[PDB]
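Q: One structure, as structure tokens, below. Some questions next.
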Amino acid sequence: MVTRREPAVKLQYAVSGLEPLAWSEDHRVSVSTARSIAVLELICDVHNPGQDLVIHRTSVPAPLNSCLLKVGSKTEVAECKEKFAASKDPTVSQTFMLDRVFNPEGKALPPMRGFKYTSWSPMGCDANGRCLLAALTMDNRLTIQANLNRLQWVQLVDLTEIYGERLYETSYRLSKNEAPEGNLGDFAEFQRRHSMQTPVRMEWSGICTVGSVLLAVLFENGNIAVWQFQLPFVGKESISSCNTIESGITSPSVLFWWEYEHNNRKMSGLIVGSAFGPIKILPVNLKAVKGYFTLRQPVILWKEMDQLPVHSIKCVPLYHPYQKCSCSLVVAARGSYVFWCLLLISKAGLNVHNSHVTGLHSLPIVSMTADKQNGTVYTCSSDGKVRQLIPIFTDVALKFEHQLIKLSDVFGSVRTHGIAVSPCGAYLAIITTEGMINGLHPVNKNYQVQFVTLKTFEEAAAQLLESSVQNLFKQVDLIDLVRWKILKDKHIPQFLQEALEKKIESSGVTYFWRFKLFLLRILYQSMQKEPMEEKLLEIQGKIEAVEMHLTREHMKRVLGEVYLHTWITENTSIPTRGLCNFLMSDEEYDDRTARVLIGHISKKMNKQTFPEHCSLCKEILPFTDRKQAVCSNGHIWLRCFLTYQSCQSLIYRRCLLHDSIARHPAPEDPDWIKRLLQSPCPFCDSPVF
Amino acid sequence: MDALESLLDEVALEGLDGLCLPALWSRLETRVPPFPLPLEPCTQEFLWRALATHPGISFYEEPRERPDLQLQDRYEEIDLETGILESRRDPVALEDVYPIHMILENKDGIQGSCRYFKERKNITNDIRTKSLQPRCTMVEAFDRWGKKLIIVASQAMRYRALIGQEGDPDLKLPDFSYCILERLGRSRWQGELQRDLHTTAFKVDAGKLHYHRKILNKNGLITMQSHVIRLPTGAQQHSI
Amino acid sequence: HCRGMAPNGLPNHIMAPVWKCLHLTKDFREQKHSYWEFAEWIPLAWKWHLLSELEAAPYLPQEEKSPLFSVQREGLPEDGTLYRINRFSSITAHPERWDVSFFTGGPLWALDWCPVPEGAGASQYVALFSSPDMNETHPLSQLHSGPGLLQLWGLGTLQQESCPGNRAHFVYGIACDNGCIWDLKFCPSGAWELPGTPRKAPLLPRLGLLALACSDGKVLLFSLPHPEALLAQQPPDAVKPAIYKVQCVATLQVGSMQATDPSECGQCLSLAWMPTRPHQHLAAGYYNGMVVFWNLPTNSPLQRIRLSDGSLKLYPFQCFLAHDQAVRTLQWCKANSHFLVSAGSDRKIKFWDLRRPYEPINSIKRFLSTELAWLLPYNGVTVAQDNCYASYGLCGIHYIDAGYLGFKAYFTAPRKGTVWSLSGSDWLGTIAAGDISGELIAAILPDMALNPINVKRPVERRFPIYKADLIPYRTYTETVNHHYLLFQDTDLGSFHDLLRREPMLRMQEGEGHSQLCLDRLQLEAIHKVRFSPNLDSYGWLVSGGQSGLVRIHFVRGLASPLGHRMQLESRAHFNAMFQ
DNA sequence: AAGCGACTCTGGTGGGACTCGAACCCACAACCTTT
Ligand SMILES: [Zn+2]
Ligand SMILES: [Zn+2]
């Protein structure tokens, strides 16, 4: 099952920071590196025959200016820094001069502007339908990044800048009665004012219901700042609150969100793990949203303080077959071991079980990933071992069974600096480096990202047919396995065709028509893009037929909403009569529901024309055809594939696959089409941006 | 590729030397795949607004009017014997529109060839407001500046046009190696011959061109073929 | 800047940092050492089994007698005799100058002073390892796992009244089946107690805790009894080389519970104890470049297991890939133990913050380095180079600031050969370094809070201790049969007229111009150098090398009234605390 | 005067980039080369 996928991705700069590889729900892979964040965007390319992974590459630049954590007045801090560095005590003086938090830049110190950590938001956080990237530098600049156009990442906000000012405005006191304004000239208070705002790691919540998302930032002193962002996130404008909770955990290493549901009651908390070993779930006692609620009291998952640093945390929702109820499985990397804890609400409240699955590695675990759909864990160490670790349900709680996957057999002797798993578990991505060659060191070090197939084509095909999520973009990594097979064998495997026809016959929801359209477009590319010409014409005819079907279903739904809201007698933003004419144009499709709907509409429609005009002419556009409109002067305007209005604006939206086009919403548009314009592309479910 | 992107792509496939307005229309008319619009005078105003409203495009007045482009078509593509010969059939080597003058060691990291890079002046804020509203029509712009109006895409757009979507933006190249890549880019479908690059584009030792070309091969930004030049001697020459 | 000349003949502005370092080191140890640690790890007589003569024979280093040598001492009449001494034997100290020389039977590759609390006035010991064979040489990439002997040598108490007529005594050794030892480190404090401590017959008073970096890839931790307590248990007629087979307190090795997969880490190359109370962490550097930390007290079932013999096996709590090549040397920061430095054969020096191991505080690429010293009062580290990549005439010894002060590297001493080993005296603020040229030098650093570029003539701050020459008379026997070692010793009694005295001219004609010799065994080469960490004997130094001779020197000119002042006040305080 | 801490002034080497010298290769005309 595990075999390499063809393109290795070369990295220009050293891999950098904590747990440096991640794979977003949006199929963008980020590697945090000394001079950038490289982002690898996986495209199920339907326009080319190449069997490789089509990886579009972008990067976030490293900052040009080093970040100073604000601890006082610009002069007050300067005299303090002189005092400590000049101190004749070896301890005070060397503690100041060695710790890079106090010294983010210097005369002979390398600048720490590369990236410490990165976290991907859920989808829908961006101004487009996409996810945001939270990025942390090693000089503690925490920033939120988005790729609004395709080409260039822009910083939306710097959260360290805001939080520094908000601490300064409260004299670094969280409760104003609780502490003095301690003198900055005391090294303990000086260190504290740095420690209280040095971010360790951060994680996004799920989407809270108007949408909202939280971001929890963990600080070295055990404070956590819970940011609340309004969605879509557009900058400082969307920051609805910041609230700091004092965890009290000493030397906190890692953070993750716990979110859980039982009896449709929502609950949530923050799980936090110390570098000194223990793991605890905090109740998030403060939040503004009304639909969620929070855990009542902290629960201790591991108490031992054995100083095995909790390097990573992941958790997955599960349904336990024998307890016959939903439960949450937590897995945490602790040194070379995996700690696991299963959390199960019952009539007793929380029932909790835990263990260490042991003997996995002879070196500490350098990265960990959870297969969200199964709880399959992967774990990795710099000796190049990767171990697949399968949760098996037990009459109470779990057992874990595990196996090594031989990267030696696919890449040879290799070092692995990180792993990530695709959102459906289709691929494992690995940061490979030159390994020890028969006990010799490699002379030259070159980081790469490499991919291996975790699933067979037959399992990817089956899981797409039985897909509960029923959106192709949620499953680009599975349809890429299907794509690879079709391009490799230049035919659609018969069992997939037969099963898909059975689904289209027995269910026929537009997801299966979208899946058919994908297979046929990849088939067309496979056969070199006159029996071959006859076959090309045949399957292109089939593509056009199913492409036409998906169009009718969308047009029917649009008119099936024009009929429901107040009649737009001015015909303001939809070519209603043109669409009615287009639907009535043939008797070939018998669907009475459309034919009566256009009856009711055409009864209600105004006798005034309200035609669409070509802006270069102020002459009518007839609405002859799906894709584009033309006028007597010969201008050609594309039509918005969501609303069929002509995209005459100098900027308009394009699908991720460029298979489809959409208009930008305007203030003249009613709310209901401003919502309609947020639909994914009707042909490929990709963001239309 | 979309029509509006195919415009901005063509502006970015010329180097840092950019385009004149008549050169731009010539580039769109000679494009492959074909440009979707008929490029009528009203359309040229629409496309001009698409440039002026785009924040990455920028506009300059150069000290002197640029020559117009030749018919670039390099190859014979016919034979009287069986088949056809697609060997190079030499046009007149008229004065090059884009002589090589590399922008070395630039502090902003922008790279390419431009003979007037220090001498031309920005007129972006004359052609558009800082709110990106266009201040001039195309006919007003060409009336006021003629061929002295030069259109240049931002470095980020220009470098993207050389590496495509699968290419890695983090890769810096030496200025000489970038200027080789840029000299390829503006040739579109009919790449420069390595013979011609060292003989007359860069005017260097073949060892120098090979050496600086190495990095483009190593990172895989370019593709190598043997090709054939049919001389007026009737004999025909091998070149890369 | 303090004017005038010290009575030892150095300028006061050159000596003034040395005098300051006494107070700074005393103030540190009062705060961050302790009088007792690891109270469970105490020696038991039944864990020390005495080997018979027949059983010890595989372990003893194989040369039964030293090379012939003679020692010439500056300004004395020439001796002219050739000495030769048996394995495990010592010449008598010279009556004026108290240098002692003893022979260990093989090339010395590890060496440390047994640390003793201030004022104790104890007997002073060195623990050392000398390889079994003079000419065999071991690859880095492979585990060795052979036999070897850990040797403990008593030097006497090194009081002024004790030094005339002193001799080194081989008190005992431990026969190890764990290959050669590449590093030795004692627990910095709290390991030693009075030999008169009343303990029940199974127990023995504790001399120290000693960690061994073994060439088979693990660290071994021993608790050492005082010799008299062993000899009281030992039979009276026993063999005079006391060779014991001893159970470890713990074996420290990389791995995990039930993880049968053998670690790639390879040989253990270097050690550092945590400099500060309670010394609970021990670090090691490995051939694969990882730095590995063990939490010595750990009860946790995930780190500690007890073997059937009752010894511990400890797995690490933290490891990280410090270097892309063998990490040859570690130093752990005394002033704040959140920080550590390492250097590896990628020829980078990397400073680490152990709270944040993902990126070093500072990486400086340099020449290939053999050992580091981190003197307590100075923020930077002094580095000994292997010459193979340095520009000719610029190879030597460099002090390098960790980076905040931003000074250029300070070229403390040019050396022609590779400096094999380096030791900084915290008490003296001086540094000593051994060369394949067979020369031992010492150097006084300036106060490195102040910019070194003002040090307009560094040569006034360095002096030779001795140089070994081969005098005619590729393998050991062919070299020994045809050469003898002329040791030339400096008059360390004072540094008057230093730059005109012949040992300095000899050294200065060595520096820069002399050519390295490669058609011989390098029999003169010095491999380890160690200043005493103890306040008693603080002015003493030990060194040894390819000859398997080990030599002790008192740097009388750097011993000082403040050291005497501090020794007596510490004696009084110690005598009040323990009686 | 004698002394000090910047501020220079002087010979020497390496780091990465790049000139260097060589064989290797095209396709043609010359014709030696063959039944
Ligand atoms: Zn028109
Ligand atoms: Zn689409």
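Identifiers in the structure tokens: chain A, B, ... in order shown; residue index from 1 per chain; ligand index from 1 in order shown.
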Where in segment 52-211 of chain B does DSSP assign strand (DSSP E), given as a ChimeraX atom specification?

A: /B:57-61,121-122,149-153

Q: Can you tell me, as a VMD selection string, what residues are no more than 10 Å from residue 670 of chain A when counting only C-alpha atoms (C1' of nucleotides), ignoring any on the same chain fewer than 5 positions away?

A: chain A and resid 565 568 572 to 573 665 675 to 676

Q: Taking only C-alpha atoms (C1' of nucleotides) and all ligand atoms and a cut-off of 9 Å, can you tell me which residues surround ligand 2, written as a VMD selection string?

A: chain A and resid 641 654 to 661 680 to 688

Q: Give the residues close to ligand 1, within 12 Å, counting only C-alpha atoms (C1' of nucleotides) and all ligand atoms; write them as a ChimeraX atom specification.

A: /A:612-622,629-637,646,648 /B:37-43,46

Q: Within 6 Å of chain B, which residues of chain A show up when using only C-alpha atoms, listed as a PyMOL selection string?

A: chain A and resi 55-57+650

Q: Would you give me, as a ChimeraX atom specification, the residues of chain D that come within 8 Å of chain C, using only C-alpha atoms (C1' of nucleotides)?

A: /D:5,13-14

Q: Only residues of chain D matter here; which ones have an atom within 12 Å of chain B, counting only C-alpha atoms (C1' of nucleotides)? Give them as a ChimeraX atom specification.

A: /D:17-21,25-29

Q: I need the chain A residues near chain C as a PDB file with N, CA and C atoms, in the first residue's frame; criterion: at most 6 Å, counting only C-alpha atoms.

A:
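Saved the output as result.pdb:
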```pdb
ATOM      1  N   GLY A  17      12.264  25.249  13.422  1.00  0.00           N
ATOM      2  CA  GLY A  17      11.281  25.360  14.482  1.00  0.00           C
ATOM      3  C   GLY A  17      10.624  24.056  14.896  1.00  0.00           C
ATOM      4  N   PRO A  90      28.055  37.226  37.825  1.00  0.00           N
ATOM      5  CA  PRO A  90      27.999  36.320  36.665  1.00  0.00           C
ATOM      6  C   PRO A  90      26.610  35.815  36.313  1.00  0.00           C
ATOM      7  N   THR A  91      25.781  35.499  37.304  1.00  0.00           N
ATOM      8  CA  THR A  91      24.473  34.918  37.020  1.00  0.00           C
ATOM      9  C   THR A  91      23.549  35.917  36.333  1.00  0.00           C
ATOM     10  N   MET A  97      22.642  38.171  28.933  1.00  0.00           N
ATOM     11  CA  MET A  97      23.346  38.152  27.656  1.00  0.00           C
ATOM     12  C   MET A  97      23.137  36.872  26.858  1.00  0.00           C
ATOM     13  N   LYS A 107      24.957  42.654  17.929  1.00  0.00           N
ATOM     14  CA  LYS A 107      26.126  42.979  17.117  1.00  0.00           C
ATOM     15  C   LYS A 107      26.723  41.742  16.457  1.00  0.00           C
ATOM     16  N   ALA A 108      26.686  40.598  17.141  1.00  0.00           N
ATOM     17  CA  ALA A 108      27.217  39.361  16.583  1.00  0.00           C
ATOM     18  C   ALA A 108      26.293  38.179  16.842  1.00  0.00           C
ATOM     19  N   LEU A 109      25.006  38.441  17.018  1.00  0.00           N
ATOM     20  CA  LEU A 109      24.018  37.385  17.184  1.00  0.00           C
ATOM     21  C   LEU A 109      23.228  37.224  15.897  1.00  0.00           C
ATOM     22  N   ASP A 306       7.161  13.614  35.124  1.00  0.00           N
ATOM     23  CA  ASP A 306       8.343  12.811  34.822  1.00  0.00           C
ATOM     24  C   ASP A 306       9.363  13.519  33.933  1.00  0.00           C
ATOM     25  N   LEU A 308       9.368  14.046  30.840  1.00  0.00           N
ATOM     26  CA  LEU A 308       9.271  13.774  29.414  1.00  0.00           C
ATOM     27  C   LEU A 308       8.451  14.880  28.767  1.00  0.00           C
ATOM     28  N   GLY A 359       7.574   1.286  23.302  1.00  0.00           N
ATOM     29  CA  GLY A 359       8.438   0.579  22.377  1.00  0.00           C
ATOM     30  C   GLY A 359       8.372   1.068  20.953  1.00  0.00           C
ATOM     31  N   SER A 362      13.383   4.409  19.481  1.00  0.00           N
ATOM     32  CA  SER A 362      14.560   4.523  20.330  1.00  0.00           C
ATOM     33  C   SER A 362      15.107   5.940  20.372  1.00  0.00           C
ATOM     34  N   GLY A 439      26.837   4.219   8.293  1.00  0.00           N
ATOM     35  CA  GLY A 439      27.539   4.796   9.417  1.00  0.00           C
ATOM     36  C   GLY A 439      28.322   6.060   9.141  1.00  0.00           C
TER      37      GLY A 439
END
```

Q: Select from segment 339-420 of chain A everything DSSP, run on the backbone, classes as helix (DSSP H, G or I), then give the selection as a PyMOL selection string.

A: chain A and resi 407-411

Q: Write out as a PyMOL selection string the residues lying within 7 Å of segment 70-74 of chain B, counting only C-alpha atoms (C1' of nucleotides) and excluding same-chain residues fewer than 3 positions away.

A: chain B and resi 88-90+190

Q: Using the selection just defined, write its residues with N, CA, C and O atoms as a PDB file, in the first residue's frame.

A:
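Output file result_36.pdb is given in full below:
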```pdb
ATOM      1  N   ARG B  88      15.847  26.767 -38.538  1.00  0.00           N
ATOM      2  CA  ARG B  88      15.830  28.222 -38.472  1.00  0.00           C
ATOM      3  C   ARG B  88      16.090  28.824 -39.846  1.00  0.00           C
ATOM      4  O   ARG B  88      17.070  28.488 -40.516  1.00  0.00           O
ATOM      5  N   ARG B  89      15.199  29.719 -40.260  1.00  0.00           N
ATOM      6  CA  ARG B  89      15.369  30.522 -41.461  1.00  0.00           C
ATOM      7  C   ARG B  89      15.548  31.965 -41.014  1.00  0.00           C
ATOM      8  O   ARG B  89      14.631  32.561 -40.440  1.00  0.00           O
ATOM      9  N   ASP B  90      16.723  32.516 -41.282  1.00  0.00           N
ATOM     10  CA  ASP B  90      17.171  33.726 -40.604  1.00  0.00           C
ATOM     11  C   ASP B  90      16.419  34.958 -41.088  1.00  0.00           C
ATOM     12  O   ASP B  90      16.499  35.295 -42.276  1.00  0.00           O
ATOM     13  N   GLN B 190       9.317  30.363 -29.201  1.00  0.00           N
ATOM     14  CA  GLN B 190      10.501  30.161 -30.035  1.00  0.00           C
ATOM     15  C   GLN B 190      11.755  30.613 -29.287  1.00  0.00           C
ATOM     16  O   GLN B 190      12.256  31.726 -29.456  1.00  0.00           O
TER      17      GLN B 190
END
```

Q: What is the atom CA of residue 101 of chain B to atom CA of residue 113 of chain B distance in Å?

A: 4.7 Å

Q: Can you list, as a count of residues only, every protein, DNA or RNA residue that comes within 12 Å of residue 213 of chain A when you count only C-alpha atoms (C1' of nucleotides), leaving out same-chain residues fewer than 6 positions away?

A: 30

Q: Might you pull out every residue within 9 Å of residue 135 of chain B, with only C-alpha atoms (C1' of nucleotides) counted and same-chain residues fewer than 6 positions away left off, and present them as number ranges by chain?

A: B: 52, 125-129

Q: Write to file, as a JSON list (two decimals), in the first residue's frame, the residues of the selection just made, with N, CA and C atoms.

A:
```json
[["chain", "number", "residue", "atom", "x", "y", "z"],
["B", 52, "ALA", "N", -4.17, 49.89, -15.95],
["B", 52, "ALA", "CA", -4.09, 51.01, -15.02],
["B", 52, "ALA", "C", -4.65, 50.67, -13.64],
["B", 125, "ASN", "N", 1.60, 57.61, -11.07],
["B", 125, "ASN", "CA", 0.65, 58.49, -10.41],
["B", 125, "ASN", "C", 0.09, 59.54, -11.35],
["B", 126, "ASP", "N", 0.69, 59.70, -12.53],
["B", 126, "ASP", "CA", 0.11, 60.51, -13.59],
["B", 126, "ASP", "C", -0.95, 59.73, -14.36],
["B", 127, "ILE", "N", -0.74, 58.43, -14.56],
["B", 127, "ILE", "CA", -1.70, 57.61, -15.29],
["B", 127, "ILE", "C", -2.85, 57.16, -14.40],
["B", 128, "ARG", "N", -2.64, 57.03, -13.09],
["B", 128, "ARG", "CA", -3.72, 56.62, -12.21],
["B", 128, "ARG", "C", -3.59, 57.33, -10.87],
["B", 129, "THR", "N", -4.72, 57.45, -10.18],
["B", 129, "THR", "CA", -4.70, 57.87, -8.79],
["B", 129, "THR", "C", -4.09, 56.78, -7.91]]
```

Q: So that I can see what lies close to residue 469 of chain C, please list as JSON, numbers by chain the residues with an atom at most 12 Å from it, counting only C-alpha atoms (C1' of nucleotides) and leaving out residues fewer than 2 positions away in the same chain.

A: {"C": [68, 69, 70, 71, 72, 436, 437, 438, 439, 440, 466, 467, 471, 472, 483, 484, 485, 486, 487, 488, 489, 506, 517, 522, 523, 524, 525, 526, 547]}
